[PDB]
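Data from coords10.cif: mmCIF, C-alpha atoms and all ligand atoms
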data_my_file
#
loop_
_atom_site.label_atom_id
_atom_site.label_comp_id
_atom_site.auth_asym_id
_atom_site.auth_seq_id
_atom_site.Cartn_x
_atom_site.Cartn_y
_atom_site.Cartn_z
CA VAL A 3 135.84 260.95 163.46
CA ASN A 4 138.89 259.66 161.56
CA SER A 5 142.40 260.90 160.80
CA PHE A 6 142.05 261.81 157.10
CA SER A 7 142.87 265.47 156.42
CA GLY A 8 142.36 267.96 153.60
CA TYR A 9 139.75 266.02 151.62
CA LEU A 10 136.91 267.52 149.61
CA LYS A 11 133.56 265.90 150.47
CA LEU A 12 131.80 264.79 147.28
CA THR A 13 128.86 262.87 148.78
CA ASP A 14 127.69 261.49 152.10
CA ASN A 15 130.37 258.78 151.93
CA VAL A 16 132.93 259.73 149.22
CA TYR A 17 135.86 262.11 149.79
CA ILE A 18 138.69 263.14 147.44
CA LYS A 19 142.17 264.72 147.58
CA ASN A 20 145.16 265.46 145.31
CA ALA A 21 147.71 263.26 147.06
CA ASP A 22 150.23 260.44 146.67
CA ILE A 23 148.55 257.34 148.10
CA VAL A 24 151.94 256.05 149.27
CA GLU A 25 152.67 259.14 151.35
CA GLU A 26 149.02 259.34 152.40
CA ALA A 27 149.13 255.73 153.59
CA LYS A 28 152.44 256.20 155.41
CA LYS A 29 150.96 259.11 157.39
CA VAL A 30 147.42 257.92 158.14
CA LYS A 31 148.21 254.20 158.51
CA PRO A 32 144.59 253.46 157.58
CA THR A 33 142.85 250.22 158.40
CA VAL A 34 142.58 249.49 154.66
CA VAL A 35 144.58 250.78 151.70
CA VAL A 36 143.33 249.69 148.28
CA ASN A 37 145.84 248.53 145.68
CA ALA A 38 145.16 248.79 141.94
CA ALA A 39 146.03 245.14 141.41
CA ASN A 40 146.12 242.75 138.48
CA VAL A 41 144.98 239.13 138.63
CA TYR A 42 148.56 237.89 139.08
CA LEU A 43 149.36 240.40 141.85
CA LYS A 44 152.42 241.45 139.85
CA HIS A 45 152.99 244.91 141.30
CA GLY A 46 155.10 246.38 138.54
CA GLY A 47 153.97 249.94 137.92
CA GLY A 48 151.30 252.47 138.53
CA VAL A 49 149.85 252.58 142.03
CA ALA A 50 150.74 248.92 142.63
CA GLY A 51 154.39 249.44 141.75
CA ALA A 52 154.57 252.45 144.06
CA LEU A 53 152.84 250.67 146.96
CA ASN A 54 155.05 247.63 146.57
CA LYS A 55 158.24 249.71 146.39
CA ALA A 56 157.26 251.46 149.63
CA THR A 57 157.07 248.03 151.33
CA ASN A 58 160.61 247.17 150.20
CA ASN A 59 159.10 244.38 148.01
CA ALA A 60 157.45 242.64 150.98
CA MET A 61 154.07 243.11 149.30
CA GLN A 62 155.33 241.24 146.23
CA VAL A 63 156.80 238.40 148.32
CA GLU A 64 153.51 237.96 150.16
CA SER A 65 151.57 238.21 146.89
CA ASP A 66 153.63 235.54 145.14
CA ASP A 67 152.91 233.12 148.00
CA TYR A 68 149.20 234.00 147.75
CA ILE A 69 149.12 233.27 143.99
CA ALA A 70 151.11 230.06 144.38
CA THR A 71 148.45 228.82 146.83
CA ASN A 72 145.26 230.25 145.34
CA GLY A 73 145.84 231.06 141.68
CA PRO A 74 144.97 234.35 140.02
CA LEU A 75 142.20 236.68 141.04
CA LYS A 76 139.23 237.43 138.80
CA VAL A 77 138.92 240.74 137.00
CA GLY A 78 136.50 242.57 139.28
CA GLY A 79 137.67 240.55 142.29
CA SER A 80 139.85 241.20 145.29
CA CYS A 81 141.78 239.70 148.15
CA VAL A 82 142.80 241.02 151.56
CA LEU A 83 146.49 240.80 152.39
CA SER A 84 148.80 242.58 154.80
CA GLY A 85 149.16 246.34 154.65
CA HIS A 86 152.83 246.01 155.68
CA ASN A 87 154.22 249.40 156.79
CA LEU A 88 151.45 251.31 154.98
CA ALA A 89 148.17 250.16 156.57
CA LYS A 90 146.75 247.35 158.64
CA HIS A 91 145.40 245.61 155.53
CA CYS A 92 145.75 245.99 151.79
CA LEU A 93 142.67 245.24 149.71
CA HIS A 94 144.04 244.23 146.30
CA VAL A 95 141.25 245.03 143.83
CA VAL A 96 141.39 244.17 140.12
CA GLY A 97 139.76 246.79 137.96
CA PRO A 98 139.51 246.06 134.23
CA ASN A 99 142.59 247.10 132.26
CA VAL A 100 141.36 248.83 129.10
CA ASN A 101 144.80 248.43 127.56
CA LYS A 102 144.07 244.65 127.75
CA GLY A 103 140.53 244.82 126.31
CA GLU A 104 138.66 244.03 129.55
CA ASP A 105 134.99 244.91 129.92
CA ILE A 106 134.49 248.29 131.60
CA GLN A 107 131.21 246.99 133.05
CA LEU A 108 133.45 245.04 135.44
CA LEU A 109 134.45 248.33 137.06
CA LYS A 110 131.26 248.33 139.13
CA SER A 111 131.99 244.79 140.35
CA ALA A 112 135.50 245.92 141.30
CA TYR A 113 134.17 248.82 143.38
CA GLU A 114 131.65 246.52 145.11
CA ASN A 115 134.59 244.98 146.97
CA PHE A 116 134.97 248.28 148.85
CA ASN A 117 131.59 247.73 150.54
CA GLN A 118 133.09 244.95 152.67
CA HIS A 119 135.15 247.57 154.55
CA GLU A 120 133.79 250.44 156.63
CA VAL A 121 136.57 252.92 155.73
CA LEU A 122 139.19 252.79 152.96
CA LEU A 123 141.97 254.82 151.39
CA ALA A 124 141.96 254.16 147.67
CA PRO A 125 142.92 255.22 144.15
CA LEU A 126 140.43 255.45 141.31
CA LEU A 127 140.06 251.94 139.96
CA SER A 128 141.09 251.37 136.33
CA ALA A 129 142.56 254.89 136.08
CA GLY A 130 146.15 255.63 135.10
CA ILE A 131 147.84 252.75 133.29
CA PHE A 132 144.65 250.64 133.34
CA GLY A 133 143.39 252.99 130.62
CA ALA A 134 139.87 253.89 131.78
CA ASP A 135 138.39 257.39 131.95
CA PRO A 136 138.95 258.63 135.53
CA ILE A 137 135.80 260.77 135.38
CA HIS A 138 133.90 257.56 134.68
CA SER A 139 135.78 255.74 137.44
CA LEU A 140 134.84 258.42 139.98
CA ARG A 141 131.20 258.25 138.85
CA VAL A 142 131.09 254.46 139.28
CA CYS A 143 132.75 254.81 142.68
CA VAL A 144 130.17 257.31 143.91
CA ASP A 145 127.29 255.24 142.54
CA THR A 146 128.59 251.89 143.90
CA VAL A 147 130.52 252.36 147.15
CA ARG A 148 128.35 252.90 150.22
CA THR A 149 131.12 252.72 152.82
CA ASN A 150 133.44 255.64 153.58
CA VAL A 151 136.05 256.02 150.83
CA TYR A 152 138.93 258.51 150.78
CA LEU A 153 140.21 258.81 147.22
CA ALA A 154 143.77 259.88 146.43
CA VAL A 155 144.43 261.31 142.96
CA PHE A 156 148.16 261.64 142.32
CA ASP A 157 148.00 264.13 139.45
CA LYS A 158 147.11 267.66 140.56
CA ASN A 159 145.81 268.51 137.09
CA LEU A 160 143.52 265.47 136.94
CA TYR A 161 142.17 266.15 140.43
CA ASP A 162 141.02 269.66 139.49
CA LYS A 163 139.28 268.25 136.41
CA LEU A 164 137.49 265.59 138.48
CA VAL A 165 136.28 268.15 141.03
CA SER A 166 135.21 270.79 138.51
CA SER A 167 133.35 268.21 136.40
CA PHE A 168 131.74 266.30 139.27
CA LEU A 169 127.96 266.21 139.17
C1 LIG B 201 144.72 255.86 139.25
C2 LIG B 201 145.18 257.18 138.62
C3 LIG B 201 143.94 258.00 138.21
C4 LIG B 201 146.08 257.99 139.63
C5 LIG B 201 146.74 259.19 138.85
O1 LIG B 201 147.21 260.12 139.79
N1 LIG B 201 147.09 257.14 140.29
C6 LIG B 201 147.69 257.37 141.51
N2 LIG B 201 146.80 257.86 142.45
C7 LIG B 201 147.27 258.14 143.68
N3 LIG B 201 148.52 258.00 144.10
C8 LIG B 201 149.36 257.53 143.16
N4 LIG B 201 150.68 257.35 143.51
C9 LIG B 201 151.35 256.86 142.40
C10 LIG B 201 152.74 256.57 142.44
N5 LIG B 201 153.52 256.76 143.58
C11 LIG B 201 153.24 256.08 141.24
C12 LIG B 201 152.38 255.92 140.14
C13 LIG B 201 151.01 256.23 140.15
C14 LIG B 201 150.42 256.72 141.32
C15 LIG B 201 149.10 257.16 141.82
CL CL B 202 148.18 254.76 139.41
#

Would you write the structure of this file as structure tokens?
Ligand SMILES: CC(C)[C@H](CO)Nc1ncnc2[nH]c3c(N)cccc3c12
Ligand SMILES: [Cl-]
Amino acid sequence: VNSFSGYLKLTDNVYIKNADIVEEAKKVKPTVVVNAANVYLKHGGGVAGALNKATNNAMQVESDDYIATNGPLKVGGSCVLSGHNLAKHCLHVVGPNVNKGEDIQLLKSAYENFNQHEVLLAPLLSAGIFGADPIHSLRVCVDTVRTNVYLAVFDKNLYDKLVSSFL
């Protein structure tokens, strides 16, 4: 039993909700919140901008130190950093950004990072400003993640389309 509320169960291990991941994180304080990161951990917009703003820029400060030490992530890769006031940990995961020309086949690799964590709150990787089809992102998630994932979809209209079209 966990503290997530109001989710629709899609499969054994995947759950979904129309919600703002920032407000959802601030209420559940999950062990792991997933950020829709880029390789530079520059949290400017989209989910990353909203998560970082909610931490009063502490996420960005921590991230800049991480990059200065380790260099950029790989597309499809991840790193674990602090969750600040939102969660115990933040798993920064780099989905391919279609608006940069990155290979959508890397979306599966990106979701594989979730399997290193028993339970996660997450957005749909590569959705929104990363330019991928969210219906495809949800499909890859369901077919790749084996751990317990609670997906937050900010747009109420998009959520209903994902549910009604889910196979
Ligand atoms: C990945 C997309 C399919 C999805 C579209 O809804 N992105 C989000 N999902 C969940 N929560 C989100 N919060 C946001 C805030 N605060 C600012 C900007 C974007 C989001 C967002
Ligand atoms: Cl987003």

Grab me every residue within 8 Å of ligand LIG 201 (chain B), counting all atoms listed in the file, and send it over as a tab-separated table (two decimals) with C-alpha atoms, keeping the file's coordinate frame.
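Listing of result.tsv after writing:
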chain	number	residue	atom	x	y	z
A	20	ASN	CA	145.16	265.46	145.31
A	21	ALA	CA	147.71	263.26	147.06
A	22	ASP	CA	150.23	260.44	146.67
A	23	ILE	CA	148.55	257.34	148.10
A	24	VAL	CA	151.94	256.05	149.27
A	38	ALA	CA	145.16	248.79	141.94
A	47	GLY	CA	153.97	249.94	137.92
A	48	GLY	CA	151.30	252.47	138.53
A	49	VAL	CA	149.85	252.58	142.03
A	50	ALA	CA	150.74	248.92	142.63
A	51	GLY	CA	154.39	249.44	141.75
A	52	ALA	CA	154.57	252.45	144.06
A	53	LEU	CA	152.84	250.67	146.96
A	124	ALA	CA	141.96	254.16	147.67
A	125	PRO	CA	142.92	255.22	144.15
A	126	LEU	CA	140.43	255.45	141.31
A	127	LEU	CA	140.06	251.94	139.96
A	128	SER	CA	141.09	251.37	136.33
A	129	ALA	CA	142.56	254.89	136.08
A	130	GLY	CA	146.15	255.63	135.10
A	131	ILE	CA	147.84	252.75	133.29
A	132	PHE	CA	144.65	250.64	133.34
A	136	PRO	CA	138.95	258.63	135.53
A	153	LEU	CA	140.21	258.81	147.22
A	154	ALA	CA	143.77	259.88	146.43
A	155	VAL	CA	144.43	261.31	142.96
A	156	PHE	CA	148.16	261.64	142.32
A	157	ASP	CA	148.00	264.13	139.45
A	158	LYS	CA	147.11	267.66	140.56
A	160	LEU	CA	143.52	265.47	136.94
A	161	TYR	CA	142.17	266.15	140.43

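Minimum distance to residue A:96 across A:8, A:73, A:78, A:32 (counting only C-alpha atoms) occurs at A:78.
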
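Closest approach to ligand CL 202 (chain B) among A:84, A:37, A:13, A:139 is made by A:37 (distances from only C-alpha atoms and all ligand atoms).
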
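Between atom CA of residue A:91 and atom CA of residue A:65 the interatomic distance comes to 12.9 Å.
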
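The gap separating atom CA of residue A:93 from atom CA of residue A:77 is 14.0 Å, in Å to one decimal.
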
*With all atoms listed in the file as the atoms that count, which of A:164, A:27, A:69, A:39 lies nearest to residue A:6?*
A:27

Any chance you could turn stretch 31-134 of chain A into a file with C-alpha atoms, as a tab-separated table (two decimals), in the first residue's frame?
chain	number	residue	atom	x	y	z
A	31	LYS	CA	6.53	13.39	-1.19
A	32	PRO	CA	7.34	10.18	-3.10
A	33	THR	CA	10.62	8.35	-2.78
A	34	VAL	CA	11.36	9.15	-6.43
A	35	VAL	CA	10.05	11.88	-8.72
A	36	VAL	CA	11.18	11.67	-12.34
A	37	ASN	CA	12.30	14.83	-14.12
A	38	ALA	CA	12.07	15.23	-17.90
A	39	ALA	CA	15.70	16.28	-18.12
A	40	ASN	CA	18.10	17.23	-20.89
A	41	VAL	CA	21.74	16.16	-21.04
A	42	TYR	CA	22.91	19.49	-19.58
A	43	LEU	CA	20.38	19.43	-16.72
A	44	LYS	CA	19.27	22.92	-17.78
A	45	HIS	CA	15.79	22.99	-16.27
A	46	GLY	CA	14.29	25.77	-18.33
A	47	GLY	CA	10.76	24.80	-19.28
A	48	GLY	CA	8.29	22.01	-19.47
A	49	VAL	CA	8.19	19.64	-16.52
A	50	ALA	CA	11.83	20.39	-15.67
A	51	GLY	CA	11.24	24.12	-15.48
A	52	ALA	CA	8.22	23.59	-13.24
A	53	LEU	CA	10.01	21.14	-10.93
A	54	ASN	CA	13.02	23.43	-10.66
A	55	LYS	CA	10.87	26.51	-9.94
A	56	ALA	CA	9.13	24.62	-7.13
A	57	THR	CA	12.56	24.01	-5.52
A	58	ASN	CA	13.35	27.75	-5.59
A	59	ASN	CA	16.18	26.97	-8.10
A	60	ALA	CA	17.94	24.57	-5.69
A	61	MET	CA	17.54	21.79	-8.27
A	62	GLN	CA	19.40	23.91	-10.84
A	63	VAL	CA	22.20	24.78	-8.40
A	64	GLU	CA	22.70	21.10	-7.55
A	65	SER	CA	22.50	20.17	-11.24
A	66	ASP	CA	25.14	22.69	-12.31
A	67	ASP	CA	27.56	21.23	-9.75
A	68	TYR	CA	26.75	17.72	-11.05
A	69	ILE	CA	27.50	18.73	-14.66
A	70	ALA	CA	30.67	20.58	-13.70
A	71	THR	CA	31.94	17.36	-12.10
A	72	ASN	CA	30.59	14.69	-14.44
A	73	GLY	CA	29.78	16.27	-17.79
A	74	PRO	CA	26.51	15.85	-19.66
A	75	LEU	CA	24.24	12.86	-19.49
A	76	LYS	CA	23.55	10.63	-22.48
A	77	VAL	CA	20.25	10.79	-24.32
A	78	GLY	CA	18.46	7.78	-22.83
A	79	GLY	CA	20.45	8.09	-19.60
A	80	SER	CA	19.74	9.32	-16.11
A	81	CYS	CA	21.20	10.39	-12.81
A	82	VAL	CA	19.85	10.38	-9.26
A	83	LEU	CA	19.98	13.70	-7.43
A	84	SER	CA	18.15	15.19	-4.48
A	85	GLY	CA	14.39	15.52	-4.55
A	86	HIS	CA	14.64	18.76	-2.53
A	87	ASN	CA	11.22	19.72	-1.10
A	88	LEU	CA	9.37	17.54	-3.64
A	89	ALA	CA	10.57	13.96	-3.03
A	90	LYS	CA	13.41	12.06	-1.41
A	91	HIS	CA	15.18	11.68	-4.77
A	92	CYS	CA	14.81	13.07	-8.26
A	93	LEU	CA	15.63	10.71	-11.11
A	94	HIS	CA	16.63	13.00	-13.99
A	95	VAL	CA	15.89	11.02	-17.16
A	96	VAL	CA	16.77	12.21	-20.67
A	97	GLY	CA	14.18	11.21	-23.22
A	98	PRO	CA	14.93	12.04	-26.86
A	99	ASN	CA	13.84	15.53	-27.89
A	100	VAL	CA	12.15	15.21	-31.28
A	101	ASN	CA	12.49	18.96	-31.79
A	102	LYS	CA	16.28	18.27	-31.78
A	103	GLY	CA	16.19	15.27	-34.16
A	104	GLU	CA	17.00	12.58	-31.58
A	105	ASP	CA	16.19	8.94	-32.26
A	106	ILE	CA	12.82	7.92	-30.83
A	107	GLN	CA	14.18	4.39	-30.35
A	108	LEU	CA	16.07	5.91	-27.41
A	109	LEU	CA	12.75	6.35	-25.59
A	110	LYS	CA	12.80	2.70	-24.51
A	111	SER	CA	16.32	3.12	-23.11
A	112	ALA	CA	15.12	6.19	-21.22
A	113	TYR	CA	12.25	4.29	-19.62
A	114	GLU	CA	14.59	1.42	-18.65
A	115	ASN	CA	16.06	3.74	-16.02
A	116	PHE	CA	12.75	3.51	-14.14
A	117	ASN	CA	13.36	-0.20	-13.47
A	118	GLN	CA	16.10	0.69	-10.98
A	119	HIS	CA	13.43	2.09	-8.61
A	120	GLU	CA	10.58	0.15	-7.03
A	121	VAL	CA	8.05	3.03	-7.14
A	122	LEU	CA	8.13	6.32	-9.05
A	123	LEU	CA	6.06	9.39	-9.79
A	124	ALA	CA	6.73	10.45	-13.36
A	125	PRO	CA	5.68	12.35	-16.47
A	126	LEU	CA	5.50	10.76	-19.90
A	127	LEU	CA	9.03	10.84	-21.27
A	128	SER	CA	9.59	12.86	-24.45
A	129	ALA	CA	6.04	14.29	-24.31
A	130	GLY	CA	5.24	17.99	-24.25
A	131	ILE	CA	8.09	20.17	-25.48
A	132	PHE	CA	10.26	17.14	-26.31
A	133	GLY	CA	7.95	16.65	-29.29
A	134	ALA	CA	7.11	12.93	-29.18
